[PDB]
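Here we start with a single chain on its own, the form deposited in one PDB entry, put down as structure tokens.
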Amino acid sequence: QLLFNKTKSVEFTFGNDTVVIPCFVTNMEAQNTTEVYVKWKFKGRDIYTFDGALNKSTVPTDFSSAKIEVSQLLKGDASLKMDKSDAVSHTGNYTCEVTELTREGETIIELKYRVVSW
């Protein structure tokens, strides 16, 4: 199975430029992104997919800014990036699921944001 360098949670404020939810596989072996599939889930919905065999990314309308850096995928980095407008409306637990042929794995990360009272 795929193993991860885990992070329980990440927090952002309006001081952050981009929201980054980390996901790092420590034992990737594929030498070509065609054999890789990445899926990020939020509240039981697929909110980002990278399908290596089609070389295609898919996001729903409520995560239009979501993406991963495909150039970092063979190193195991499947971190999700998004803008603050998408991030603030979707706080909570995200699941990063990576598949490399018969080897798969998932990890959960909580995206946190705190409303500042003044």
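For the two forms, the rigid core is made up of the largest set of C-alpha atoms that agree within 1.5 Å on superposition. Residue indices: 1-based, along the sequence shown. Shifts are known only where both forms have a C-alpha.
There is another form of this protein, the form deposited in another entry, and it is not shown here; the text below is about that form.
Report task. State yes or no: after fitting on the rigid core, is the Cα displacement of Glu11 between this form and the one not shown at least 2 Å? Result -> Comparing the forms between this form and the one not shown, which are aligned on their rigid core, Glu11 does not shift its C-alpha by 2 Å or more.
field: Core-superposed comparison between this form and the one not shown, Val20 Cα displacement 2 Å or beyond
entry: Comparing forms between this form and the one not shown, the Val20 CA shifts below 2 Å.
Worksheet item: Are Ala53 and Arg103 closer or farther apart at their Cα atoms in the other form than shown, with the shift being 3 Å or more?
Response: Closer is correct, given that in the other form the C-alpha spacing of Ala53 to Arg103 is reduced by at least 3 Å.
Consecutive-residue runs (3+) with Cα displacement of 2 Å or more between this form and the one not shown, core aligned: After superposition, only residues 102 to 115 shift as a run.
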